[PDB]
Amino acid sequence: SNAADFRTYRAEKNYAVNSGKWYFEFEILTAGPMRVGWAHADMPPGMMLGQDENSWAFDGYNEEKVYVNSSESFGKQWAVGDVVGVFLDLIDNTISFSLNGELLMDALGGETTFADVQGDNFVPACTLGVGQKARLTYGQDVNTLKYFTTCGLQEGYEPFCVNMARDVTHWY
């Protein structure tokens, strides 16, 4: 796969979270390199997920978790049609990941993938290699989330959709 060409996608900054526990799904549509996770909304423009201290990623293509530009063997390789569940817990400050409704296990964290996840302004985010494609589901159609009920709702996570609407704009 191309090892140089990537684009990173993040939800609008007005939609960032600073509390609670949040969930979204990420459907694999191509077989090339992709990463999904959570980012500080003010992460430096153009940064890939996990490349610095401002975002955390599961690289289901390489089977690695990525943070501060260091990769670690983690999880299972995903496949076209898989659905990744993406967890953010700003109460305990952890990140987790499921694959088709089953939590991916970290050798140390077990059901938790990253700890000490701190920040003010988290948004869902992904990084796609050239030609790669994925579908992000936030729950606006509660029936469109596939694995939230059996893998997430029980642990008190909430669909991320609730965090998009409403704005004071101020030209200062």
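All residue numbers refer to positions in the sequence shown, first residue = 1.
- The mean C-alpha temperature factor is higher for 138 to 146 when 138 to 146 and 112 to 120 are set side by side.
- For the pair 67 to 75 and 81 to 89, the mean Cα B-factor is higher in 67 to 75.
- Reading the B-factor column for the CA atoms of 47, 39, 28, 104 in the entry, the top value corresponds to 47.
- Sort the modelled residues of the chain by CA B factor and residue 125 lands in the lowest third.
- The PDB entry assigns residue 12 a C-alpha temperature factor belonging to the highest third of its chain's modelled residues.
- Sort the modelled residues of the chain by CA B factor and residue 19 lands in the lowest third.
- Ranked within its chain, residue 62 lands in the highest third, by CA B factor from the PDB record.
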